[PDB]
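Quick setup: the structure tokens below cover two forms of a single protein chain, split into structure 1 and structure 2.
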Structure 1
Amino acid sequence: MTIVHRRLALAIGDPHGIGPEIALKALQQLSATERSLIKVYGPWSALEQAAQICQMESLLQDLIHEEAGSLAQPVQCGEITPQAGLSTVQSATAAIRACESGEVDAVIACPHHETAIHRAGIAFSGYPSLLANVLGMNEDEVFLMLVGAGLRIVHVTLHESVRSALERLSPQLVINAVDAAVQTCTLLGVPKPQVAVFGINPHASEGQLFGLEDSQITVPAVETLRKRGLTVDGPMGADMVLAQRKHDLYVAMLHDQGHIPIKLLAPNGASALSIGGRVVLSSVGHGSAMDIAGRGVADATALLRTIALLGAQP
């Protein structure tokens, strides 16, 4: 059964971690045709290392590959180094540039190590930020969509105090979040999705009874999106709309509104998609696992599921 129905870039993550290993393990399970659709970005030495541990030398031949994040020294499985940190960011940057340019349709980034990246002197708050830099966009014009248990939830704000989020919220920012999420839905295999916008305040403010914010922010936003031809319900109380389960995309105003449901229904298998300017990037749901790196016992189910998600048939 085929799962890859488009061209993907696979950035192999921290080359001292399990990233390289899970990359090979995942690709091995795909057919030849499927493998020809996945271009692997990262240092070749890391991949040779993982091949020898995993007995997958045969596979390296049939691998489309672009050298990125080359190492100046041998691979040290399980060690945190700035060298590995830079490699990580260079591989992901290459993958993203390939997607920006149209050479691939999406990017999957294998696990990084924040310490590694930090020690290299590189600021990194997440894949949202990274994606912003590379494309030269504002950090807040890149959005996180969680996907899990059939729920797709884009977040208009993310990793800041609730106060800070509320101060930042505006009609335009919501419109941008939806625009990004709707295009992403095309990739995922839902070309014209039915959208629901969450209320900032409880029950979407109940007119103005529980706040003015929804009347100033979410209501204008929805009316514009409707006048531009989009099918959008709301603002409605997050709690209520989610329970109905009659929409393809939900638009959370705050981190917890979208994160709580996803993690409740999918405490392991949720994908996190950073989306900006025609680039969709998903991390893999776990860390670099330095404790097991290079012992060849890492599961590549998560990565495979991530490939199935970004690879869906239109």
Structure 2
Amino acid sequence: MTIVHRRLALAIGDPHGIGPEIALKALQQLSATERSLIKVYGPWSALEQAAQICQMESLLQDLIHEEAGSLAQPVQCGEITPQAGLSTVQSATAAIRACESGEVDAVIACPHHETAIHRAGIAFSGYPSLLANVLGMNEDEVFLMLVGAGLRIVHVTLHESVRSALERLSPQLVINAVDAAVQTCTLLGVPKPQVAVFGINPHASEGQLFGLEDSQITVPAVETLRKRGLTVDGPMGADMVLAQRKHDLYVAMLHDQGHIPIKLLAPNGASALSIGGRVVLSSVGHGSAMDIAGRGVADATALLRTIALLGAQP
């Protein structure tokens, strides 16, 4: 019934795509008390346009809003323009900053269009990087947690070569990913999670038979994490421990270790959470759908599912 139990920022994404419309459709479905917890970031001109189209002008007067990503000309639904790409980033940047300052507790970003952003002369390799940028952090102090089909898997390393990942793996890096993910677990509604840590090597090195990495890295980190009062198993072979399915958080050492389970078990309904400082940012799982922008075809299911996940009750 009630799916929003905390303050959230909602950036409307590309103002020429379906973002604005699906924002309105989602808010419409919430209670009045729930809407008052969602602050919207984006050009008012685009919410106005979407509202006239969907016939939801009734809803704007009940809407908490902050102008961001203002445009210099009227909205053009369906069109890829540099100005809409700038709007996209400006709005998401405004939402993130509201989270960094503590006005809200998490952020959702409606769909962006990669080309739009690029044609504005702005570098963009996904939400993990953007968040790193806006917060003043190295990209490897922001972690990606995938959530899908009961699995939550945080990744200690992400988009780099296996060798490069192995060379950067330290006890401290593992610890950071876990504390970041555990804090994120509180938000998702699991205050005291059971955590499993993957081995770097097959069979978590099987003592030291298959390498020293786990002795040096995952084993020390698990002991440090227990001393701080965390319920932690491992390191264990990622295959073996994942299969048992008795943990609320798995910790993956390498991209593929976490990405394979999630995409196999949840090809259609997974969330990608970028975590950094206090900020948890999740997309919706779909594109901006330029061809149907303004045409009343896109429903807000995926956004509502993201809101529900980030807005869970303690």
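Note that the rigid core is defined as the largest set of C-alphas that superpose within 1.5 Å between two forms. Numbering runs along the sequence of structure 1, starting at 1.
> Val104 and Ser161 - when the change between the two structures is described as two rigid parts, are they grouped together?
Answer is no, each lies in a different rigid part.
> Suppose I asked you to quantify the rigid-body motion between the two structures; what rotation angle in degrees does the smaller part show?
Relative rotation between the two structures amounts to 8 degrees.
> So, with the core fitted, how far does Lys263 move at its Cα between the two structures, in angstrom?
After core superposition, the C-alpha of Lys263 moves 1.9 Å between the two structures.
> Given the rigid core as reference frame, how large is the C-alpha shift of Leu188 between the two structures? Answer in angstrom.
Its C-alpha position differs by 0.7 Å.
> Could you state, for a rigid core superposition, the Cα shift of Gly207 between the two structures in Å?
Between its two positions, the C-alpha of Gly207 lies 2.8 Å apart after core fitting.
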